[PDB]
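First, one chain by itself: the form deposited in one PDB entry, in C-alpha cells.
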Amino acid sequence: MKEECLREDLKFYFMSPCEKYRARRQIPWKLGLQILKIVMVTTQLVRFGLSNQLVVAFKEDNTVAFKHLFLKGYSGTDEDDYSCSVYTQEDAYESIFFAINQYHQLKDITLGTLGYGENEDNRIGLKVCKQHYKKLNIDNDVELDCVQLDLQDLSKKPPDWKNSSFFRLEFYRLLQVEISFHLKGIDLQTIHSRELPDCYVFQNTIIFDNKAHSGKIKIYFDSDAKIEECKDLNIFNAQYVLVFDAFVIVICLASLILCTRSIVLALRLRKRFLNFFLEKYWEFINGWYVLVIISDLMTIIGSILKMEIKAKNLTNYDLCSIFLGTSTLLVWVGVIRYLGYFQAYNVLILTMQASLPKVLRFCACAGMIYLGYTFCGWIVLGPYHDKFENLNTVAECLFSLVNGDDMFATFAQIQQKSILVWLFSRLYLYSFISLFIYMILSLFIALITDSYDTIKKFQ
C-alpha cells in the first residue's frame, strides 16, 4: 500500500492550489499569505517613494536657490559636475567676493525662510580656506591657511576683509579656495497639515578648484542638508509607518518560514521516490521558491533599513530603495508562477527556455567581437568623439548602436580635420553595424529552423 500512498503524495504535490481544493476542499492559506504580501510590499514601496519625493524635492529646490544666490552669473543649469567656471583672475575674484557679499546680505535677499546657522565651532560666520603649493621654485607640499569671517567682520561699514593680505591669491600656485557656511531653513509647505514642520540645517561649501592648472577654475557648490529639530518655532505618524514596516517584516518572515518548510519537505519526498526507485533496479526544488526566499530576505532587509532611517532622521535612502525596488520586482515575477498554473501559459516555454542555451552561446561569441570593438573605438575615437570618451561609454554607445539609436548623430559628431581618423571612424561604424545586424538576424533564422524541429519532435 506504500506504493499507492507515495503515488497519491506526488499526485497531490504536483497540482495547483485551485485544483488541490477540487481534490480535497483544502484552503491554500499559504497562497493567501502571498496576495497579502504583494499588496503590503507594493503599498510600502509607494508610500516610501512619495515621502522621499517630497523630501528630495525640498532639498533640491533649496540647492537651486542657493546656487542662484551665491554663484555669480549662474545661468540656471550646471555646466558639468561643477556649476560654473571662470577663466580670468578678476572673474575669480568677483565670484569669491560675490559669494561673501551675498552671504553678508542674506536676510534681505532670500525669498524663503532662511537664517544663519552656527558652525561646528558654535559661531555664526563664514570660513574661507585656501591651499597653495609652498614656495618657479614651488615645493611639493601644500599650505592650508584660513580665516573666519564673522557677521561683525562683514558688517563693518569700511570692509577690512576685502583689503586683507589673505585674498591675494597667487593663482599660479593656487590649488583651490573653499568657502563654508551653515544655513537653517524651514519647509512651511508642511504646516497646512497641522504637522509641525521640519527644520533643516544646510552645510554649504563653494569650492573654487583649479587642480588642473589649465587656466580654468571650476566652481563646485555642494549642499548637505540634515533634519535638525526646531528650536525657535511656535505655530497654533512616526509610530504608524513603523508599525506598518514591522507588519511587512512579519508577513515576509512568515512567507520565508513557509517556503523553507516546503523546500525541506520537498527533499523528503525525493528520498522516498529515490529509495523506491533504487529497490526495483530541480523539478522538486521549485526554483520559484528560491525567488520568493530572496525577495523575502530583501524586503526584510529594506524594511529594517527604512526603520533605521526613519528612527534617526536620515535623508540618504539609496541602499534602502535598491533593496525595496529589487524585492518588489521579484514579487511581481512571482506573480507569473501563479499565472503559470493554467496550462495555456506554457507551450511557448518549450522555446523560451530551450532557446536560452543557443542565445547564451551566441552572446559568448558576439561578446568577444563586442569587447574588441569597444577597445578599438575607445583607443581610436576616444579623443575625437564624446560618446567614446571612456570604455564604459563606448560599451553603452555600441549597445545603443546595435538598437538603432543616434546613428546619424554618432556619424556626424566626429570632425573631419583629421582625415585618417575620419575614414577609420566611417569604416569602424559601418563594419560594426553591418556585422552585428548580420549576426543577430542569422542567430535568428537558426533559432527558428531549430524550434521548428523541436516542436515537430515534441508532437
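Residue positions are given as counts along the sequence shown, with the first one as 1. Under this definition, the rigid core comprises the largest set of C-alpha atoms superposing within 1.5 Å between the forms.
Colleague: Hey, does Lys107 show up as a hole in at least a third of the other compared models?
Modeller: Result for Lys107: never missing in the compared entries.
Colleague: Taking the other compared PDB entries with both flanking residues modelled, is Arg261 unmodelled in at least a third?
Modeller: No; none of the other entries leave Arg261 out.
Colleague: So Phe236 and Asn237 are neighbours in the shown sequence, but is anything from the deposited sequence left out between them? Give the count as none, 1 to 3, 4 to 9, or 10 or more.
Modeller: Unmodelled stretch: 4 to 9 residues.
Colleague: Scan the PDB entry between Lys135 and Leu136 and report the missing deposited residues as one of none, 1 to 3, 4 to 9, 10 or more.
Modeller: Some 4 to 9 residues are missing between them.
The discussion below concerns the form deposited in another entry, not included here.
Colleague: Which residue, chosen from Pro383, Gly73, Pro357, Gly372, moves its CA by 2 Å or more between the shown form and the other one under a rigid core superposition?
Modeller: The listed residue whose C-alpha shifts by at least 2 Å is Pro357.
Colleague: Could you tell me whether the Cα atom of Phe444 shifts by at least 2 Å between the shown form and the other one after core superposition?
Modeller: True for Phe444: a C-alpha shift of 2 Å or more.
Colleague: Is it true that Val243 shifts between the shown form and the other one by 2 Å or more at the Cα, once the core is aligned?
Modeller: Where the cores coincide, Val243 shows only a C-alpha shift between the shown form and the other one that is less than 2 Å.
Colleague: Once the core is aligned, does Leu144 move its Cα by at least 2 Å between the shown form and the other one?
Modeller: Moves: no, less than 2 Å.
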